[PDB]
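Here we start with a single chain on its own, the form deposited in one PDB entry, put down as structure tokens.
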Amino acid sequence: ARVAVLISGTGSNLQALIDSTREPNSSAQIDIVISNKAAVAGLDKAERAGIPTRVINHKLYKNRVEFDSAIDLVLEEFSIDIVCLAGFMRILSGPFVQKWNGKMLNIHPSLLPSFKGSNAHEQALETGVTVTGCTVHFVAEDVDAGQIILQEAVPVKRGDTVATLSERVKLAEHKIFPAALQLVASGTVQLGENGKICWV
């Protein structure tokens, strides 16, 4: 299966996916990396791995639909089967999500359904949980609400900050995102017609 990875920043999840998808038994190959932001470290990681990159600046578009259409054009150019959102921070439009239904995965740094949104660690710390984690899910129109594929719990230590908690949770993200991508790319897991996850 042919994979696009979308990023907005550092690209540690991208690197873990590069490493995993290059193992001999990988059912996935990363054929394009798309960033909506120029000059981020994830682009450097892609270039070092010899993977083509595109920068599609969302600020140059009138609305989400036009921006998403520009992404979609590149996905078609590279005959992409599966899209991974890996630190990509844009909310996607309904029609784009529907087109890629069952074919687009996101990593989120909480145990969904807790702490949806852009600042999950801030929320986890404010709430005072002692267990947080990360989630890979299929992308549905409602943000951070699509069907869950894998999760991993991560402890919160007393005195944690966003810096220390996010570091600990990323170790788990780098485990479950590659595992989830392999499950979907191999056809082991799919989004069922009834809208629920199906393990073949």
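For every residue, the number given is its place in the sequence shown, counted from 1. Take the two forms, find the largest set of C-alpha atoms that superpose within 1.5 Å, and that set is the rigid core.
- The stretch with the higher mean CA B factor, choosing between 95 to 103 and 80 to 88, is 95 to 103.
- Averaged over CA atoms, B-factors in the entry run higher in 71 to 79 than in the other of 105 to 113 and 71 to 79.
- Across the residues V65, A140, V33, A163, the deposited record lists the maximum Cα B factor for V65.
- Per the PDB entry, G192 shows the highest C-alpha temperature factor of the residues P24, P178, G11, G192.
- Compared with the other modelled residues of the chain, the Cα B-factor recorded for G50 ranks in the highest third.
- When all modelled residues of the chain are sorted by CA temperature factor, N57 is found within the highest third.
- Residue-level temperature factors show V5 in the middle third of its chain, judged at the C-alpha atom.
- The deposited CA B-factor of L43 belongs to the highest third of values across its chain.
- Ranked by Cα temperature factor within the chain, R168 sits in the lowest third according to the deposited record.
The form deposited in another entry exists for this protein as well; it is not shown, and the discussion that follows is about that form.
- Once the cores line up, the CA of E126 ends up 2 angstroms or more apart between this form and the one not shown.
- After superposition on the rigid core, the Cα of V162 moves by 2 Å or more between this form and the one not shown.
- When the rigid core is held fixed, the Cα atom of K59 travels 2 angstroms or more between this form and the one not shown.
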